[PDB]
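Novice: PDB entry and its sequence, pasted below:
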Amino acid sequence: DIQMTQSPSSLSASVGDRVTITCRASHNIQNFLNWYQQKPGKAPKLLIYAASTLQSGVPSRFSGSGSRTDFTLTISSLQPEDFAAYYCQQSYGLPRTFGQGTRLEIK
Amino acid sequence: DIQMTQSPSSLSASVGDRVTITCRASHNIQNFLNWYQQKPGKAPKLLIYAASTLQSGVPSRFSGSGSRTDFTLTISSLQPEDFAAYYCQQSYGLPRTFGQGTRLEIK
Amino acid sequence: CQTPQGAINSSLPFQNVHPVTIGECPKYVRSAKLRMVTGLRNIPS
Amino acid sequence: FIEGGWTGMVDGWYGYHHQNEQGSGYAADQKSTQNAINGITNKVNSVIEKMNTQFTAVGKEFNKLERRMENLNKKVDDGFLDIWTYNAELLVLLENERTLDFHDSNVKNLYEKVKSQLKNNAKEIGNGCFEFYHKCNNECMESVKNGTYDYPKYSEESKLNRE
Amino acid sequence: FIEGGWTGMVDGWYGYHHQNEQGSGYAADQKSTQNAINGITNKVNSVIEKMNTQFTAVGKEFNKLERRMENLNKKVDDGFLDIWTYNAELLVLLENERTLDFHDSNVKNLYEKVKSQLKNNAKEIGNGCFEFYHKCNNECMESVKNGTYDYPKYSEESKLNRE
Amino acid sequence: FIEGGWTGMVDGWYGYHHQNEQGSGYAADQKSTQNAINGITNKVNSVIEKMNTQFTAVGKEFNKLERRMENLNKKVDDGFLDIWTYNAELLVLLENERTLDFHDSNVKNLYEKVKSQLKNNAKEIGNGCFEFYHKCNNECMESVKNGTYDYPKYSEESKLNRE
Amino acid sequence: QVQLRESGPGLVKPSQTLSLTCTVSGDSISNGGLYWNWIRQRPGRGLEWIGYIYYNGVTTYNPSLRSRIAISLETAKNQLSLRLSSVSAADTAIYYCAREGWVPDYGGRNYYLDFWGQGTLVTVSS
Amino acid sequence: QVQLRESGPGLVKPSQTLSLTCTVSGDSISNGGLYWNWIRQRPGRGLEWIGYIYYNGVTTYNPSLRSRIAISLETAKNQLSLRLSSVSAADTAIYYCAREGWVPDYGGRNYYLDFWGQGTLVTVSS
Amino acid sequence: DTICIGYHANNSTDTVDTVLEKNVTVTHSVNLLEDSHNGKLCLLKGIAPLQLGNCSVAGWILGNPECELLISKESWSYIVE
Ligand SMILES: *[C@@H]1O[C@H](CO)[C@@H](O)[C@H](O)[C@H]1NC(C)=O
Ligand SMILES: *[C@@H]1O[C@H](CO)[C@@H](O)[C@H](O)[C@H]1NC(C)=O
């Protein structure tokens, strides 16, 4: 199984600040990385589809990029509604895995 | 001179069986391999033109394939009329050579 | 035709299943749809 | 052909509709339809015929210190895929435009063929149809469709009805 | 449209010019112009849309004993550049030819639309214009441009003026 | 132009044939022919001009343990050859279709030019030719070919002969 | 629009089989050619994939649970189902169904989960 | 259709020159741009290539026999010819003429022998 | 009495794109692109693949003790890792 490791496990930042969440795959997964936003009590929402593209309906403040093993999720101009857990998912192999998740707190 | 070695020198098989005749070049001849069918008393007939293609008029039971040095002639559903000597010819170099030939007997 | 994600039973010139293949396969193309018109504009009245 | 096609026509692509005392109806123009079919069929086949078969191709492994080779190999595969995707999509768009133009030309040509035969024996309506200045039965309707209409035969009846 | 366009027409691509007792002038045919604009705009966008974005790409260093790799790397880059240059230039030439043909068709179609409405109520001049056989005011000029011209209304005046 | 061309015409691509009391014959329409030649010549040259020159290129040797490089090198060469073969053949098919359509348009345009000048001074036959309603000598035949035919001059003779 | 809705008892006793159903609407599980996923989230933990089923009934499972998991599909009703034998405390989780979509990419179809349902909480207790 | 026909004495004495002619019909040896081959088969043995001649009179030979073999071509009659000096017992064989055709391929024209004639048996004896 | 010239129309919802116009509904069309698949590994023309299971190629050829089930697999249509 391809492991996904996220860092930090928890991050806090004020409104309007910039948040960078990173994820490292144990194996080369090319462009097969999705990012999800989980609000408490809800199923996760898709933010980022290809390592670098957004799902329609996702605010432009969200972006990301990456190569073989090293990927990044970035939130520009952080807003209160961005309070969420964020997850790193690989879709390269069959035993699909998610990272442990990063909790983003605001202020 | 590029040598062509055929194997076996003689093969027998019953009608409806599958016959595999192979040929190995001493040098890389890429796709430049022809196969011929020689009935006793007659000039050889072209079966296979490119290592993998047939000459128009050749029954669909004949096929073949190959790479740089290792090539194969295959006869599916062997019929009595397929009694013949078969020859491996390279057309890569100028001193054109044929293998020693394989005699295919039926039953 | 066999690709890493499944076998293909098709006579069409292109596929959008996978670039790696073994067998006699359609060409892999990065597209969702590729369709030709043979008939007329479908405007009745 | 003006303001849409005929859903009541089912035996071809191009054709005629008529009205007379013996009853109205639709019929396809087989010469026009079959020539159009053969043209389009050859075109679709040419698109398929010029794209070759994909033969077995698999990836390659590279070492830790062979990153430059790995990157070139990928570059080559992505480049060829981007080119063939471009070519496949462009060819389809170019031919779809021509197909539709081809078909519009073919129906317009039947109209002109009829117009030419009828001359002064019918009124041009302006909706892709003609009204006769003489009484016309099924035999003359077939003659016009055949391209054998006898203009002189009805020219006297027409001038009298035209006034 | 015969022997050049009108520099006095500024509100569209295709249109009409008229002369009567109430004063002459030019006006664009907006349905023709806007359909032509939309067609051409979609075409330009398709050319842009089918060419993808260039993403970061840099060169590679090779050693003294890696000349074969250096040469393959260069071969790949030159090959892809030569192919894309070819495709970009060919697409532009092919579409520029069609654009101009498209526009010639559109102006010719307005002429025929007018010709069809006027029938025997005007003399065809042969320079892409018509001369009325009846007196025509601004309201009938607008009617012809609209595609609502009433032929029967003036057929008596016309036959008398034609002689 | 209907039911085939004239093997008796040797001085151009497009032209006229005439019959009168002074003797029949054929002559090419040089303006139409030369414009057609220049168009086609430019097109052939564009096909040649957009394909570049092949410069020296030779193969490479690889070792027993360099099979991955050998295979990439071959892949690159086969890929580029397959692409250029596709482009060369497609361009020729696309242009051959347009050439033939171009030529059909040009002959049809001469017909309409003549039709426009003659108006009611000749009977349209329906085979791509006209029959005069007035006697016409070599000078008026040349005038029609020139595009300078004087319609009014023969309108009286024509109405009397038409009946 | 595409909607997925999970449903089930919400409470299973130890050693019983848990069985959940997902009803798909606004889509067709006989026409799309997509994979249908089941995933779960244990309270306080991140997400864990359970398995998926394709249109042809082809089914795959997370190998750590493959001996317990059964996944099936009924096209007539647009329903997916999940069954876990020998249920224990470790299986308390919110279970979700999801649709896996794709866009062709370099390297093949690039898959993602877009429609995730609502989530059904299942407690294992006695 | 293309036909090749070999002809010659069928018997040559030792130390004489053997001379065979192949008449080509249904084709043109001044227009095709193909290579014209001569090959032979010693009884009980496989096939051996002798040599070939092109349209421009360019001639190549099997290097083991190059000092003895002469190949020529007369376009006026569509005829090919083969001559072997110093003929011996080893030269008993069925001699054949053949047309070499081609289809462009990766790596250049891919050549093959399609029209092979009938074959003329030549015995060397006294 | 009349003669009208026209053409065919139906209830098709197939659409195509052209250079000047998008989403044009047409009466007949051809799909040139395949998007279905049988999401399983099949035999090719009657011959099964070699599955390496949990083994890498190095494991398979060196004879890793746990690649035991492959020591008797002499032929294949393809290899799956
Ligand atoms: C799909 O497989 C069936 C046999 O199961 C065969 O009859 C059919 O022709 C195949 N289809 C294509 C190319 O659509
Ligand atoms: C992989 O290893 C596990 C644990 O030993 C075993 O249960 C499984 O059957 C093995 N897989 C294959 C394909 O042999």
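Specialist: Noted; the coordinates are in hand. Numbers count the residues shown, from 1 in each chain, chains lettered A, B, ... in the order given. Ligands and ions are numbered 1, 2, ... in the order given.
Novice: chain neighbours aside, what residue packs nearest to residue I:10?
Specialist: Excluding its sequence neighbours, the residue lying closest to residue I:10 (CB to CB, 6 or more residues apart in numbering or on different chains) is residue I:27, at 5.1 Å. (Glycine included, C-beta is placed from N, CA and C.)
Novice: over to residue G:65?
Specialist: Closest to residue G:65 by CB to CB, 6+ apart is residue G:50, at 6.8 Å.
Novice: shouldn't that neighbour be in contact with residue G:42?
Specialist: No: contact between residue G:50 and residue G:42 fails when scored by CB atoms under 8 Å: they sit 11.8 Å apart.
Novice: identify the residue nearest the geometric centre of chain D.
Specialist: For chain D, the residue nearest the mean C-alpha position is residue D:103 (2.6 Å; CA atoms, centre = their mean).
Novice: and residue C:9, that one's in a strand?
Specialist: No: in this structure, residue C:9 is coil, not part of a strand, as judged by DSSP: H, G, I helix; E, B strand; the rest coil.
Novice: put the alpha carbons of stretch D:85-102 into PDB.
Specialist: Written as PDB, here are the backbone C-alpha positions of stretch D:85-102 (Å, rounded to 0.1, in the frame of the first residue of the first chain):
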ATOM      1  CA  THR D  85      -5.000  14.100 -29.700                       C
ATOM      2  CA  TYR D  86      -4.700  17.300 -31.600                       C
ATOM      3  CA  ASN D  87      -4.800  15.600 -34.900                       C
ATOM      4  CA  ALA D  88      -7.700  13.400 -34.100                       C
ATOM      5  CA  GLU D  89      -9.900  16.200 -32.800                       C
ATOM      6  CA  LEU D  90      -9.000  18.600 -35.500                       C
ATOM      7  CA  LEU D  91      -9.800  16.100 -38.300                       C
ATOM      8  CA  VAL D  92     -13.200  15.400 -36.900                       C
ATOM      9  CA  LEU D  93     -14.100  19.100 -36.500                       C
ATOM     10  CA  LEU D  94     -13.000  19.800 -40.100                       C
ATOM     11  CA  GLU D  95     -14.900  17.000 -41.600                       C
ATOM     12  CA  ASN D  96     -18.100  17.600 -39.600                       C
ATOM     13  CA  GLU D  97     -18.200  21.100 -41.000                       C
ATOM     14  CA  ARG D  98     -17.800  19.800 -44.500                       C
ATOM     15  CA  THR D  99     -20.400  17.100 -44.100                       C
ATOM     16  CA  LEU D 100     -23.100  19.500 -43.200                       C
ATOM     17  CA  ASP D 101     -22.200  21.900 -46.000                       C
ATOM     18  CA  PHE D 102     -22.300  18.900 -48.400                       C
END
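Novice: and the closest residue to the residue nearest to the centre of chain D other than its chain neighbours, how many neighbours does it have?
Specialist: Closest residue to residue D:103 apart from its sequence neighbours, by CB to CB, 6+ apart: residue C:40 at 5.2 Å. Look at residue C:40: counted by other CB atoms under 10 Å in any protein chain shown, it has 25 neighbours.
Novice: residues contacting residue C:40?
Specialist: D:5, D:13, D:100, D:103, I:7-9, I:26-28 (CB atoms under 8 Å, 6 or more residues apart in numbering or on different chains).
Novice: ok, residue G:52 next?
Specialist: Applying CB under 8 Å, 6+ apart, the residues near residue G:52 are G:35-38, G:59-60, G:71, G:100.
Novice: separation between the residue of chain I found nearest chain A and chain F?
Specialist: Among all residues of chain I, residue I:39 sits closest to chain A, at 10.7 Å; criterion: CB to the nearest CB. Residue I:39 sits 28 Å away from chain F, going by CB to the nearest CB, to the nearest Å.
Novice: one more: residue G:31?
Specialist: For residue G:31, the distance to chain F - CB to the nearest CB - is 34 Å.
Novice: what about that residue, how many neighbours?
Specialist: So residue G:31, with other CB under 10 Å, has 9 neighbours.
Novice: now the lengthiest helix in chain D against helix F:67-118, angle please.
Specialist: The residue-count maximum for a helix in chain D (DSSP state H) belongs to helix D:67-118. Helix D:67-118 and helix F:67-118 are oriented at 20 degrees to each other (axes from the mean of the first three to the mean of the last three CA atoms, to 10 degrees).
Novice: how about the closest residue to chain D within chain C: what's its closest non-neighbour residue?
Specialist: Relative to chain D, the nearest point of chain C is residue C:45 (3.1 Å; CB to the nearest CB). Of all residues not flanking residue C:45 in the chain, residue D:4 sits nearest, at 3.1 Å (CB to CB, 6+ apart).
Novice: where does residue D:54 fall, phi/psi-wise?
Specialist: The phi and psi torsions at residue D:54 (degrees, to the nearest 10) take the values phi -90, psi 130.
Novice: if you could redo that for residue D:135, that was the one I meant.
Specialist: Torsion angles, degrees, to the nearest 10, at residue D:135: phi -70, psi 140.
Novice: residues touching the nearest residue to it once chain neighbours are set aside, list them.
Specialist: The shortest distance from residue D:135 to any non-neighbouring residue, by CB to CB, 6+ apart, is to residue I:1 (6.3 Å). In this structure, residue I:1 makes contact with D:18-21, D:131-132, D:134-136, judged by CB under 8 Å, 6+ apart.
Novice: at 10 Å what do you get?
Specialist: D:18-22, D:24, D:122, D:130-137, D:140-141 (CB atoms under 10 Å, 6 or more residues apart in numbering or on different chains).
Novice: which positions in chain D make contact with chain G?
Specialist: When proximity is defined by CB under 10 Å from any CB of the partner chain, chain D lies next to chain G at D:59, D:74, D:77-78, D:81-82, D:85.
Novice: so which residue is smack in the middle of chain G?
Specialist: residue G:38 (1.9 Å).
Novice: surely it and residue G:97 touch.
Specialist: Yes: using CB atoms under 10 Å, residue G:38 is in contact with residue G:97, at 5.8 Å.
Novice: joint contacts of these two?
Specialist: Joint contacts of residue G:38 and residue G:97 (CB under 10 Å, 6+ apart) are G:6, G:20, G:22, G:50, G:80-82, G:117.
Novice: make JSON lines out of those residues and add secondary structure.
Specialist: Listed next are those as JSON lines, based on three-state DSSP:
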{"residue": "G:6", "secondary structure": "strand"}
{"residue": "G:20", "secondary structure": "strand"}
{"residue": "G:22", "secondary structure": "strand"}
{"residue": "G:50", "secondary structure": "strand"}
{"residue": "G:80", "secondary structure": "strand"}
{"residue": "G:81", "secondary structure": "strand"}
{"residue": "G:82", "secondary structure": "strand"}
{"residue": "G:117", "secondary structure": "coil"}
